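Letter by letter, the chains look like this.
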Amino acid sequence: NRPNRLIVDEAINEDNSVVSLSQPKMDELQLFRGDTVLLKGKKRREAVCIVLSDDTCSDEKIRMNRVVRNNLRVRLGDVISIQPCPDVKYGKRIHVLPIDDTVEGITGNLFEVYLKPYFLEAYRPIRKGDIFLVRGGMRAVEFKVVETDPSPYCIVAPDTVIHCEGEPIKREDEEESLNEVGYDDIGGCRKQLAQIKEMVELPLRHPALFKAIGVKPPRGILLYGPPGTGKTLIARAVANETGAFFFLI
Amino acid sequence: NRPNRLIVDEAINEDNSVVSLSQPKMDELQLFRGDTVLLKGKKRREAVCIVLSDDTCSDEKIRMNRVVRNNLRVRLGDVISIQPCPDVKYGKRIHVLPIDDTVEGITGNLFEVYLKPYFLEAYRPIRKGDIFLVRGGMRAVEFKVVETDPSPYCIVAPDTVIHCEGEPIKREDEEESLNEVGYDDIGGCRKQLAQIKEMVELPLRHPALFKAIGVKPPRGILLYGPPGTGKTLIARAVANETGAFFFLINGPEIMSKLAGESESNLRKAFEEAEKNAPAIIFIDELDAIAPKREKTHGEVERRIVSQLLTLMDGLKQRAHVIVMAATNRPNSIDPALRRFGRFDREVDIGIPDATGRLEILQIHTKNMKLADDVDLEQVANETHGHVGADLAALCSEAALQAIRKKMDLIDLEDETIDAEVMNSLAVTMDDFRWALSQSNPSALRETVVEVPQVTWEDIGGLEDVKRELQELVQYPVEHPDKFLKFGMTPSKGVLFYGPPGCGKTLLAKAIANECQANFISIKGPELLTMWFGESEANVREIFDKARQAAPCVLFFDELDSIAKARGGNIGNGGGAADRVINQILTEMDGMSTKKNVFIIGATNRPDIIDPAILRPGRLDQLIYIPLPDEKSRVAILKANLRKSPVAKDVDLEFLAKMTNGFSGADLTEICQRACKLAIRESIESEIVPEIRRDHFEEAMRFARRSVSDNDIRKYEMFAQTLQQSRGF
Ligand SMILES: Nc1ncnc2c1ncn2[C@@H]1O[C@H](COP(=O)(O)OP(=O)(O)OP(O)(O)=S)[C@@H](O)[C@H]1O
Ligand SMILES: Nc1ncnc2c1ncn2[C@@H]1O[C@H](COP(=O)(O)OP(=O)(O)OP(O)(O)=S)[C@@H](O)[C@H]1O
Ligand SMILES: Nc1ncnc2c1ncn2[C@@H]1O[C@H](COP(=O)(O)OP(=O)(O)OP(O)(O)=S)[C@@H](O)[C@H]1O
Ligand SMILES: [Mg+2]
Ligand SMILES: [Mg+2]
Ligand SMILES: [Mg+2]
């Protein structure tokens, strides 16, 4: 029913917005390797991305980067709506702005160090109000386009121009700070993260269904291990990657 | 007088209202197999049911389902009035309604999922204002007919119509919520439940009679056992299945209070219990509030313990108050509590066995819908260290695994999911296998007290020792009259000695099985590792646990490891008979003969066994198990090859005559090696399912003898002269 609902989990490509699909998926949606795709999420907001042809991932799962999960306000295990738009779209002027939470203490023309070796030879799309992060200078800055030609009608092309401002925009509470810890910030514990997810995500993401079904939830998870192994990191990541109120003791 | 009063106890048919009677009962009331019967209870209310013809239940007892006990407001052990009405009665319109305590979170037409495969092909009667429960959708709903043709004049028939409402009726306080725990919610503890009933029901159900008769009631029941064994469940069930006011005291909750406020809580608890009729005080986690006063820090804790002792002592028979307590560390309880007048009755809620844990699995999966491949008996067999809590967790994890495969395949993203798809969700045997794969048994370290599964058929040969073991174990417990007639006291002990791998463990387990007696196996390394903590009380606890398990066989396996702690009788020159073995002798001497506990020792080092074991009265039946002879080898091979698809060309007696000094373990190794060669052949051929003559030839090619000729000679020497041993 409605073959357009896609299940979301963490991606494997450690880059900017490049979604990954499964073997039946690119055939069902007749999408090619280097295709420009449009992702539709909750709260009436959109994201435009590039598909990646993967086969040995699972039967039905899309892989979503944490950079663009916040652009769609969708969390792990959530359902996403997708729409292929195989039309080449070039932007003329993108009015782009940083955020004054990650740009403090850095001056000068940050574009020649961040946006130059991040745009060229990539051909990635940009939508209105997209928070994309570029790493460089031994630090990471998330970045915000605020004004451009009508959305999205933009992919990275050499005819797209850039302009320095130096006036970062304040971050509102509608979006989650990407600087916070996520599942991508833990390495070496994937089996343990898998167990934690299996125990935690279903009771929290689907509380009404779980309560109606009348089965015992695991409510006593106890993380243990040698000091400095990421226990606090794992707990805070699970707190952040779910829409659960987190009280720390 | 008045041959119409019927005594009520819990039923055996795990279904809706189907009453069960005894052999004199269907003849006395001239009622047939499939008869419609009308049950009359207290408070002027009625129930209509179907009789079940049973004979091997008891002399006079009716069996009542908990679904219809609440319809009659009658509890366990109560007297019921019955009236056969063998008239076929068909209802036209039954106005039926759910209750808004068990239907929350479920929408849609619940009749097509609940009442459809519950009515048809059953032909069960329905009365006015009957609360019947239907299980389905991984949950249970009790249900209420509120309007229909005159009562009852209704049985389940195809001409009875149904109608959806979606307006559940509120539950009044006149009836008890069936969702609460009852005796049907405990599995694996029937003997303990029987003892608890015998101790509790008479003082509570008949307080005036008990007070007038002037006899001491058991007022100090103390439940104990490993964590998660149902102690709290049992206490709450006994509270619910009797009309007793139930006041609960939580150990941590009491101890979390400020100084001087927890004492007030205990005093108020006892005062309320004394005030409110016959009552039960349940102190859950008693070790939290009452540890040993010698080992405790604060004086507030000591005041708490003293206050509890004072309240226990000030509890009079006139109060009609029964105090139950649960603790998973009974030895950490202050000894003053476990004395007479405070806590004198002790019930051990032990780890469930295979049958008991199968019953627990059924109790926890009755709401769940299982696929046809689900073998709960197999799951019970594959779970060993699990307790009731472990099994409940396993069932919950299997259900959640089933959901995980259905929440993605079917978009259950709806806020309040209906039951029209919940039934489509079924739990497969693969889900249970996955749940069992990821499960940590809590009671793995606990000692096992159960009837072992191995029979005589698993033992080849050894017919003479089988007969001797029968005479030593079965006869005293089966025919005490002969023993008292001839005046001989049965020997309480047997020592098995002989070459290794000849079936000493199997013999003890099999003689346990034939008597249907409990079996406790204590291996030598287990003793040597419990004793390294210098815990002299654990070996005493072993004999204690054997005492409540009577008739039981206490088997000490691998006594050679014990006797090799310091080398043996000489060893380093000092005696290896130390540590546990002296306490074992003391415990053997300190157990009464009239107890049905039988002690069996096994060792393959008769040279270094200390003589004090062999003294008459401790282990004086010296049974020597030799290497199997040619025919016993055939029997052993046949026993070991029962579970394997052996080809017809395999000549078992040829193998028996080609193996001379081999023990039963050696023949088992030969069979295992041949089976492994067959497995290798199958694996290679995949890139036939019958173990063949060639496989056995190849296995025999590398077959090895685990007992030397010198060892055989020395064992034969000890087989003749081991009674001497002691003395020099
Ligand atoms: N598995 C990991 N992956 C990535 N970073 C890690 C990992 N484990 C530790 N770190 C880093 O090391 C820091 C150590 O903090 P934590 O490991 O979260 O503290 P902890 O694990 O609770 O150990 P304690 O508190 O000393 S017992 C983290 O904040 C991370 O920056
Ligand atoms: N014998 C049993 N039959 C059926 N269900 C059981 C049994 N034992 C445990 N359970 C289930 O497992 C749960 C564990 O709770 P309890 O066993 O009552 O706690 P407990 O026995 O007092 O052990 P503690 O409190 O940890 S020392 C129960 O609520 C039942 O759901
Ligand atoms: N008479 C027998 N019939 C069938 N199998 C036997 C027999 N004797 C030994 N076996 C096999 O050998 C294994 C060991 O048997 P046990 O009863 O443990 O003998 P044992 O005298 O205790 O010597 P060990 O130290 O245990 S090998 C059993 O599990 C069987 O597989
Ligand atoms: Mg930490
Ligand atoms: Mg408890
Ligand atoms: Mg053995």
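About the cut-offs
- Residues numbered from 1 in each chain as written, not as in the entry; some residues may be left out.
- Chains lettered and ligands numbered in written order.
- Part of a larger assembly, values for the part shown.
- Heavy atoms only, no water.
- UniProt positions renumbered as here; feature names shortened; annotations may be inferred.
- Contact = heavy atoms within 4.5 Å.
- Buried area = accessible area lost by both parts, 1.4 Å probe.
- Salt bridge = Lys/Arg side-chain N within 4 Å of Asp/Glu carboxyl O.
- Polar contact = N/O pair within 3.5 Å; in protein donor to acceptor, adjacent residues only side chain to side chain.
- Helix = DSSP H or I, 4+ residues; strand = E, 2+ residues; numbered from the N terminus.
- Nonpolar A, V, L, I, M, F, W, Y, C, P; charged D, E, K, R; others polar.
- Near = heavy atom within 4 Å.
- Areas by Shrake-Rupley, 256 points an atom, 1.4 Å probe, with all protein chains shown as cover.
- Buried < 20%, exposed > 50% of the residue type's maximum accessible area, 1.4 Å probe, protein only.
- Core = buried A, V, L, I, M, F, W, Y, C linked by side-chain atoms within 4.5 Å.
- Patch = residues over 30% accessible without salt bridge, like charges linked within 9 Å, V, L, I, M, F, W, Y side chains within 5 Å.
- Axes fitted to C-alpha atoms, helices over the stretch in contact; angles between N-to-C directions.
- Parallel < 35°, antiparallel > 145°, perpendicular 65-115°, else oblique.
- Left-handed = near helix turned anticlockwise from the far one by under 90°.
- Pairing = 2+ DSSP bridges.
- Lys, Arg positive; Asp, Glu negative; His and termini not counted.
- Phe/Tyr/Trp six-rings, centres within 6.5 Å; stacked < 30°, edge-to-face > 60°.

Listed as the method for this PDB entry is cryo-EM; the listed resolution is 3.0 Å.

Looking at the PDB entry, one finds chain B named Transitional endoplasmic reticulum ATPase, with Homo sapiens as its source organism. Recorded in UniProt under Catalytic activity, the annotation for chain B is "ATP + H2O = ADP + phosphate + H(+)". Regarding chain B, the UniProt comment filed under Sequence similarities reads as follows: "Belongs to the AAA ATPase family."

With the PDB entry as reference, chain A is termed Transitional endoplasmic reticulum ATPase, source organism Homo sapiens.

Q: Before we move on, can you summarise the interface of chain B and chain A with the specific residues and values?
A: One widely used convention gives an interface's size as the accessible area the parts lose upon coming together. Facing the 19 residues of chain B at the interface are 16 residues of chain A. When residues of chain B are sorted by the area they lose upon contact with chain A, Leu400(B), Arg404(B) and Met407(B) head the list and together hold 27% of the total. When the shortest N-O distance is used, the salt bridge between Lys211(A) and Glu104(B) registers 2.7 Å. One can count three residue pairs in polar contact joining chain B with chain A. Of all the elements, helix α13 (residues 388-407) of chain B adds the most residues to the side of chain B that touches chain A, at six residues. In terms of residue class, the side of chain B that touches chain A is made up of nine nonpolar, three polar and seven charged.

Q: Pulling in residues and values, what's your account of the site of ligand 1?
A: All names here are of chain A. All residues adjacent to ligand 1 are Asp-185, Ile-186, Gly-187, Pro-227, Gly-228, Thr-229, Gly-230, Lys-231, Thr-232 and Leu-233. Between ligand 1 and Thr-232, the relevant distance is 2.8 Å, taken from an oxygen atom to a side-chain nitrogen or oxygen of the residue. At a separation of 3.1 Å, an oxygen atom of ligand 1 approaches a polar backbone atom of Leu-233. Isolated, ligand 1 exposes 620 Å² of accessible area, and the fraction of that covered by the protein chains is 52%. Across the shell around ligand 1, the residue classes tally to three nonpolar, five polar and two charged.

Q: Would you mind going over helix α22 (residues 580-589) of chain B in detail, with residue names and values included?
A: Residues and elements named next belong to chain B. A large share of α22 lies buried, amounting to seven of its ten residues. Along α22, the residues that are buried comprise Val-580, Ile-581, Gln-583, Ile-584, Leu-585, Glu-587 and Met-588. Buried-residue contacts for α22 involve α19 (524-530), α20 (536-548), β17 (552-557), α21 (559-563) and β18 (597-603).

Q: Explain the nonpolar core to me, and be specific about the residues and the numbers.
A: Counting 42 residues, the largest nonpolar core has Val19(B), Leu39(B), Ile62(B) and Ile80(B) as the members making the most contacts within it. Counting residues in each nonpolar core, the second largest holds 39 residues, with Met26(A), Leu39(A), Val68(A) and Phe132(A) among its members.

Q: I'd like a description of the pattern of salt bridges, backed by residues and values.
A: Tallied over the entire structure, the rule returns 56 salt bridges over all chains. One salt bridge connects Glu253(B) with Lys257(B), and the closest N-O pair in it is separated by 3.5 Å. Here the salt bridges do not stand alone but share partners, grouping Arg66(A), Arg69(A), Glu176(A), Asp184(A) and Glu241(A) into one network.

Q: Requested: an account of the site of ligand 3, with residues and values cited.
A: Residue and element names in this part refer to chain B. Around ligand 3, a shell composed of 16 residues is seen, among which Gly-501, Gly-503, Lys-504, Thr-505 and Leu-506 lie nearest. Surface burial for ligand 3 is 75%, taken as the share of its 620 Å² of free accessible area covered by protein chains. For the shell around ligand 3, the secondary-structure elements that each account for two or more residues are α18 (504-515), α23 (630-640) and α25 (664-686). Residue composition of the shell around ligand 3, by class: six nonpolar, eight polar and two charged.

Q: Talk me through the UniProt feature "binding site: ATP 2" in chain B; I want residue IDs and the actual numbers.
A: All names here are of chain B. Per the UniProt record, "binding site: ATP 2" is found at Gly-501, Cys-502, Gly-503, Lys-504, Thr-505 and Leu-506. Mapped onto the fold, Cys-502 is located in the loop between β15 (493-497) and α18. The exposure class of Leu-506 is partly exposed, given its relative accessible area of 34%. For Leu-506, the contacting residues outside a window of four places in its chain are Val-454, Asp-458 and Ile-459.

Q: Describe a nonpolar patch on the surface, naming the residues involved and giving the relevant values.
A: Residues and elements named next belong to chain A. A cluster of nonpolar side chains, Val-88, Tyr-90 and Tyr-123, forms an exposed patch at the surface whose accessible area comes to about 290 Å². Checked against the element boundaries, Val-88 lands in the loop between β6 (79-84) and β7 (94-98). Accessibility expressed as a relative area gives 60% for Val-88, which makes it exposed.

Q: So, the packing of helix α11 (residues 354-365) of chain B against α13(B): which residues are in play, and what are the values?
A: Helices that pack against each other are described as a pair by the angle of their axes relative to one another and the distance between those axes. All names here are of chain B. Orientation of α11 relative to α13, taken along the N-to-C sense of each, is 45°, at an axis distance of 9 Å. Viewed along their axes, α11 and α13 adopt a mutual orientation that is oblique. In this structure, α11 crosses over α13, and the sense of that crossing is right-handed. Here α11 contributes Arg-357, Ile-360, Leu-361, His-364 and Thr-365 to the contact with α13, which in turn contributes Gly-388, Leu-391, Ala-392 and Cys-395. Considered class by class, the residues forming the contact of α11 with α13 number five nonpolar, three polar and one charged.

Q: Tell me about the sheet that holds β7(A), and name the residues and values.
A: Residue and element names in this part refer to chain A. Spatial ordering of the open sheet is given by β7-β9-β8, a layout of three strands whose pairing is antiparallel. Both outer strands of the open sheet, β7 and β8 (131-135), are each paired with one neighbouring strand and no more. Sheet twist, expressed as the mean angle between neighbouring strand axes with direction ignored, is 40°. Bridging between β7 and strand β9 (residues 140-148) involves five bridges; their strand directions are antiparallel. Residue pairing in the sheet places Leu-97 in a bridge with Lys-144 of β9.

Q: Which residues make up the side chain of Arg127(B), and what are the values?
A: Residue and element names in this part refer to chain B. With respect to the helices and strands, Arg-127 occurs in the loop between α3 (116-119) and β8 (131-135). For the buried residue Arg-127, which engages in no salt bridge, the nearest side chain bearing the opposite charge is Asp-130, 5.4 Å off. In contact with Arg-127, other than residues within four places in its own chain, are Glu-46, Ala-47, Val-48, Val-145, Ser-151 and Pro-152.

Q: Give a detailed account of the UniProt feature "binding site: ATP 1" in chain B, specifying residues and quantitative values.
A: Residue and element names in this part refer to chain B. Taking the numbering used here, the UniProt-annotated feature "binding site: ATP 1" corresponds to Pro-227, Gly-228, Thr-229, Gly-230, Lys-231, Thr-232, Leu-233, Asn-328 and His-364. A stretch of 138 residues holds the annotated residues, and the largest C-alpha distance among them is 22.7 Å, long enough that they do not meet in one place. Its location among the elements puts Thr-232 in helix α6 (residues 231-240). Sequence-distant contacts of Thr-232, that is, excluding residues within four places in its chain, are made with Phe-282 and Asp-284. Assignment of secondary structure puts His-364 in helix α11. On the accessibility criterion, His-364 (33% relative accessible area) is partly exposed. Apart from the residues within four sequence positions on either side, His-364 is in contact with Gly-388, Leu-391, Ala-392 and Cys-395.

Q: Give me the lowdown on the packing of aromatic side chains, citing residues and values where you can.
A: In the structure shown here, the tally under the stated rule is 14 aromatic pairs over all chains. Plain terms: the ring middles of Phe111(B) and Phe143(B) are 5.8 Å apart, the flat faces sit at 85° to each other, and that makes the pair edge-to-face. You can see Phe111(B) sitting in the loop between β7 (94-98) and α3 and its partner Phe143(B) sitting in strand β9 (residues 140-148), a full 32 residues away along the chain. Each member of the pair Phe111(B) and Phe143(B) is classed as buried. Site record: aromatic cluster; members linked through ring pairs are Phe111(A), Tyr118(A), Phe119(A), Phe132(A) and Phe143(A).

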